[PDB]
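Now for the letters of each chain:
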Number of protein chains: 2
Amino acid sequence: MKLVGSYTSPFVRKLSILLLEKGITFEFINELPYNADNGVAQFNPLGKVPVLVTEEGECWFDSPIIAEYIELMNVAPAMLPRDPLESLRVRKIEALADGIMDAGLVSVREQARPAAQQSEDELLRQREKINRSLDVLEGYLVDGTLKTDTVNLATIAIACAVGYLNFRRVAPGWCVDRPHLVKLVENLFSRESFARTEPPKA
Amino acid sequence: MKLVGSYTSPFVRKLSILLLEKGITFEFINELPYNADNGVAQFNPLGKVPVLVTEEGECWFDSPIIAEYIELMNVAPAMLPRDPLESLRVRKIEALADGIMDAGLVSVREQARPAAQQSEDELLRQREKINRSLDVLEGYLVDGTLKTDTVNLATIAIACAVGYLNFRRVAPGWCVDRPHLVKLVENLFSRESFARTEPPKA
Ligand SMILES: N[C@@H](CCC(=O)N[C@@H](CS)C(=O)NCC(=O)O)C(=O)O
Ligand SMILES: N[C@@H](CCC(=O)N[C@@H](CS)C(=O)NCC(=O)O)C(=O)O
């Protein structure tokens, strides 16, 4: 199996972590999807990472689909419950976390445009999406919808999203008055799979 | 059940069509997610439509998750196969179609920014994503991975994506030398569910 990705993408990281947790052997194929010359299109016409390539040449995308493919392999530890509705509820929370990643990425890409081309309004509305979403996550933990010791596809995705926010310096107050969220991501960050997949920083 | 949406969004339209096809009663709650004052955040902290609200107050997002929720209700006609791997393969194709919508939407939002803030490079790379993706879709139909008479979640999504491209006047050559794709979407557009969900045009 090949995982086509970048070293910074949290969508990719989510999958690297699933595979590492499950002890599944894979080769990483590094790509830079925002350069003009890159090699992503042979794997995904959308030009986005991650992509998973099976040992028959089938290319899987986007990241939630790949995570389900991996789950279907049936290798411990399970990262989704077996019950269809509860699995879908975990995957709704994964979609929330993926949306935090999306908003972080939009923010970073906005700031990569030439100065005169940037929209401060765009930055503000992405930041608001992030804060509202972090509030919903804290609420799940207050309510017991999530627990701080939960390790599943949703919580992996949440910690990847927060790790990305930190890395890119988006929403520096993510931890302010969200103490359950802090505990949850610290618990995940302590795992070897997170330690081995940190984004490179100069 | 409530479907929170806009009248133009193809992500929303995909779900309106599923519900209509299945004869499932719902109320539509219209929202404008790009205005500064809107009502989407009470349903989804990401501030995006669609959202599905159940008759207990649970809010489901994003669109692929909602489509699976609907499928889980087990109401004819089925829009996903029962086998887990083949269902996931249909959902991979749905992800491709959703990515075409994404690229179309990025294009439209780019063109909504003030003139001096626009990136022609951004427009070009979204257009290329679209063309490459349309080529993959045509290839699926040549290979028999899809058929022109296939009616499932993936092909609904494909026709919603193409309908959006047409509506927004993105990728006007989508039909050029993609005759299977043309036939597939014309077959879907002929259905009442598509006729009743067309985007408003002045
Ligand atoms: N919906 C996709 C989003 C993936 C995504 O946005 N990946 C970024 C890197 S973090 C990418 O490849 N961007 C290139 C582009 O948008 O052209 C998923 O969940 O995998
Ligand atoms: N991943 C989402 C994407 C939904 C989406 O992009 N919806 C657009 C309307 S077509 C939206 O609500 N945009 C508001 C925003 O991005 O702030 C899905 O599949 O539902």
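Thresholds, definitions, all that
- Residues numbered from 1 in each chain as written, not as in the entry; some residues may be left out.
- Chains lettered and ligands numbered in written order.
- Heavy atoms only, no water.
- Buried < 20%, exposed > 50% of the residue type's maximum accessible area, 1.4 Å probe, protein only.
- Helix = DSSP H or I, 4+ residues; strand = E, 2+ residues; numbered from the N terminus.
- Near = heavy atom within 4 Å.
- Polar contact = N/O pair within 3.5 Å; in protein donor to acceptor, adjacent residues only side chain to side chain.
- Areas by Shrake-Rupley, 256 points an atom, 1.4 Å probe, with all protein chains shown as cover.
- Patch = residues over 30% accessible without salt bridge, like charges linked within 9 Å, V, L, I, M, F, W, Y side chains within 5 Å.
- Salt bridge = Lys/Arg side-chain N within 4 Å of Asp/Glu carboxyl O.
- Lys, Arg positive; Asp, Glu negative; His and termini not counted.
- Charge placed at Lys NZ, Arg CZ, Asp CG, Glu CD.
- Pairing = 2+ DSSP bridges.
- Contact = heavy atoms within 4.5 Å.
- Axes fitted to C-alpha atoms, helices over the stretch in contact; angles between N-to-C directions.
- Buried area = accessible area lost by both parts, 1.4 Å probe.
- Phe/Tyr/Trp six-rings, centres within 6.5 Å; stacked < 30°, edge-to-face > 60°.

Bringing helix α2 (residues 63–72) of chain B into the picture now. Of all the 10 residues making up α2(B), 8 are buried; the element is thus mostly covered by neighbouring parts of the structure. Among the residues making up α2(B), those that are buried are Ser63(B), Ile65(B), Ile66(B), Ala67(B), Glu68(B), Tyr69(B), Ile70(B) and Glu71(B).

A few words now on the site of ligand 1. Not every one of the 14 residues close to ligand 1 is listed here, only the nearest: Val49(A), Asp62(A), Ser63(A), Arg125(B) and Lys129(B). Around ligand 1, the nearby residues trace back to chains A and B. Between ligand 1 and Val49(A), the relevant distance is 2.9 Å, taken from a nitrogen atom to a main-chain nitrogen or oxygen of the residue. Contact between ligand 1 and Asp62(A): a nitrogen atom at 2.8 Å from a side-chain N or O atom of the residue. With the chains in place, 89% of the 520 Å² that ligand 1 exposes on its own is no longer accessible. Those elements giving two or more residues to the shell around ligand 1 turn out to be α2 (63–72) of chain A together with α4 (120–143) of chain B.

Taken together, the side chains of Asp62(A), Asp102(A), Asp62(B) and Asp102(B) make up a negatively charged region of the molecular surface. Inspection of the secondary structure puts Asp62(B) in the loop between β4 (59–60) and α2. Looking at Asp62(B), the relative accessible area reads 38%, which means it is partly exposed.

This next bit is on the sheet that holds strand β2 (residues 27–30) of chain A. All names here are of chain A. One open sheet accounts for 4 strands, arranged β2-β1-β3-β4; its pairing is mixed. Of all the strands in the sheet, the pair left with one neighbour each is β2 and β4 (59–60). In this structure, strand β1 (residues 2–5) lies alongside β2, joined through 4 bridges in parallel fashion. Its bridge partner lying in β2, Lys2 is registered against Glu27. On top of the sheet, helix α1 (residues 10–21) reaches β1 and β2; it is set at about 155° to β1, its chief contact. Lying on the sheet, α2 is in contact with β3 (51–53) and β4; it crosses β3 at an angle near 35°.

Turning to the interface of chain A and chain B, a few remarks are in order. In this complex, chain A contributes 38 residues to the contact, which on the side of chain B involves 38 residues. Between chain A and chain B, the buried area comes to about 3200 Å², and carbon and sulfur atoms account for 60% of it. Considering only the surface of chain A that becomes buried against chain B, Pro45(A), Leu46(A) and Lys92(A) emerge as the three largest contributors, covering 19% of it. Counting across the interface, chain A meets chain B through 6 salt bridges. A salt bridge links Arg91(B) to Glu68(A), with the shortest nitrogen-to-oxygen separation between them at 3.0 Å. In this structure, the connection of chain A to chain B is made through 16 residue pairs in polar contact. Mapped onto the side of chain A that touches chain B, the elements with two or more residues apiece are β4, α2, α3 (84–112) and α4 (120–143) of chain A. Looking at the side of chain A that touches chain B, the element that brings in the most residues is α3(A), giving 11 residues.

It is worth spelling out the side chain of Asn44(B) at this point. Residues and elements named next belong to chain B. Topologically, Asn44 is positioned in the loop between β2 (27–30) and β3 (51–53). According to the relative accessible area criterion, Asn44 is buried, its value standing at 2%. Look past the residues within four positions of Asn44 in its chain and what remains in contact with it is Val51 and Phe61.

To continue, consider the site of ligand 2. The environment of ligand 2 is made up of 14 residues, and the closest members are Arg125(A), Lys129(A), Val49(B), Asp62(B) and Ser63(B). Nearby residues place ligand 2 at the junction of chains A and B. Take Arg125(A): an N or O atom from its side chain is 2.8 Å from an oxygen atom of ligand 2. In this structure, an oxygen atom belonging to ligand 2 sits 2.7 Å away from a side-chain N or O atom of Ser63(B). The fraction of the free accessible surface of ligand 2 (520 Å²) that becomes covered by protein chains is 90%.

Take the packing of aromatic side chains next. Under the criterion given, the structure shown has 6 aromatic pairs over all chains. Seen from their ring centres, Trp60(A) and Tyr69(A) are 4.8 Å apart, and the 35° between their planes marks the pair as tilted. Accessibility assignment for this pair places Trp60(A) and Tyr69(A) in one class, buried. For the ring pair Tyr7(B) and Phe28(B), a centre distance of 5.2 Å and an interplane angle of 35° mean the geometry is tilted. Here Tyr7(B), found in the loop between β1 (2–5) and α1 (10–21), pairs with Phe28(B), found in strand β2; they are 21 residues apart in sequence, far enough to count as distant. On the basis of relative accessible area, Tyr7(B) is assigned to the exposed category, the value being 53%.

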